[PDB]
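Chemist: Have a look at the structure that comes next, please.
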Amino acid sequence: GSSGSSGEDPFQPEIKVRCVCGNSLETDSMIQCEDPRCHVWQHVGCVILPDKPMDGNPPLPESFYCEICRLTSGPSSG
Ligand SMILES: [Zn+2]
Ligand SMILES: [Zn+2]
């Protein structure tokens, strides 16, 4: 038989990284979902598009919604 050690330290950032790319890693650049419950992390150079014409300011959108939120728009009240 084998064993398995599990138990991280409470002194670490509980990041989610619900990015689309599929990668569950973190870097020195990410956008948090406006939603309180969601508060998911999503790489900047993944969902956010490049600013060819703008090439700068304004900076990242203060009001951004992940793929889980951006998709949830319709009421679907049945
Ligand atoms: Zn990503
Ligand atoms: Zn969200």
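Just so we're on the same page: first chain in the structure tokens is A, next is B, and so on; residues restart at 1 for each chain, and ligands are numbered from 1 in the order they show up.
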Name all residues at most 12 Å from residue 38 of chain A (count only C-alpha atoms; drop same-chain ones fewer than 2 positions away) and give them as a PyMOL selection string.
Modeler: chain A and resi 15-18+31-36+40-42+64-70
Chemist: Next, the residues of the selection above should be written as a short mmCIF file (atom, residue, chain, number, x, y, z; two decimals), in the first residue's frame with C-alpha atoms.
Modeler:
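New file result06.cif:
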```
data_model
loop_
_atom_site.label_atom_id
_atom_site.label_comp_id
_atom_site.auth_asym_id
_atom_site.auth_seq_id
_atom_site.Cartn_x
_atom_site.Cartn_y
_atom_site.Cartn_z
CA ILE A 15 -6.43 31.63 -5.33
CA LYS A 16 -8.90 29.84 -7.60
CA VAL A 17 -7.77 30.59 -11.16
CA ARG A 18 -11.00 29.70 -12.96
CA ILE A 31 -8.28 40.22 -12.86
CA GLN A 32 -10.80 39.46 -10.13
CA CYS A 33 -14.50 38.97 -10.89
CA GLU A 34 -16.69 41.85 -9.69
CA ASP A 35 -19.08 39.28 -8.23
CA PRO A 36 -18.50 38.70 -4.48
CA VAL A 40 -12.41 34.13 -9.28
CA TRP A 41 -9.00 34.87 -10.80
CA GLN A 42 -8.45 35.06 -14.56
CA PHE A 64 -15.14 42.74 -15.54
CA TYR A 65 -17.02 39.43 -15.47
CA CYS A 66 -15.47 35.98 -15.86
CA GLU A 67 -16.77 33.43 -18.36
CA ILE A 68 -19.13 32.02 -15.73
CA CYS A 69 -20.68 35.43 -15.08
CA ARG A 70 -20.41 37.05 -18.51
#
```
Chemist: Show me which residues line ligand 1, defined as having an atom within 10 Å of a ligand atom where only C-alpha atoms and all ligand atoms count, and present them as a list in words.
Modeler: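 Counting only what the definition allows, namely only C-alpha atoms and all ligand atoms, the set is residues 17, 18, 19, 20, 21, 22, 23, 24, 25, 26, 27, 30, 41, 42, 43, 44, 45, 46, 47 and 48 of chain A.
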Chemist: Per DSSP on the backbone, filter chain A down to the residues in alpha helix (DSSP H) and report them as a ChimeraX atom specification.
Modeler: /A:44-47,67-71
Chemist: For the atom pair atom CA of residue 72 of chain A and atom CA of residue 37 of chain A, what is the interatomic distance in Å to one decimal place?
Modeler: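 Interatomic distance, atom CA of residue 72 of chain A to atom CA of residue 37 of chain A: 13.9 Å.
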Chemist: Which is closer to ligand 2 than all the others in A:29, A:3, A:11, A:39, using only C-alpha atoms and all ligand atoms?
Modeler: A:39
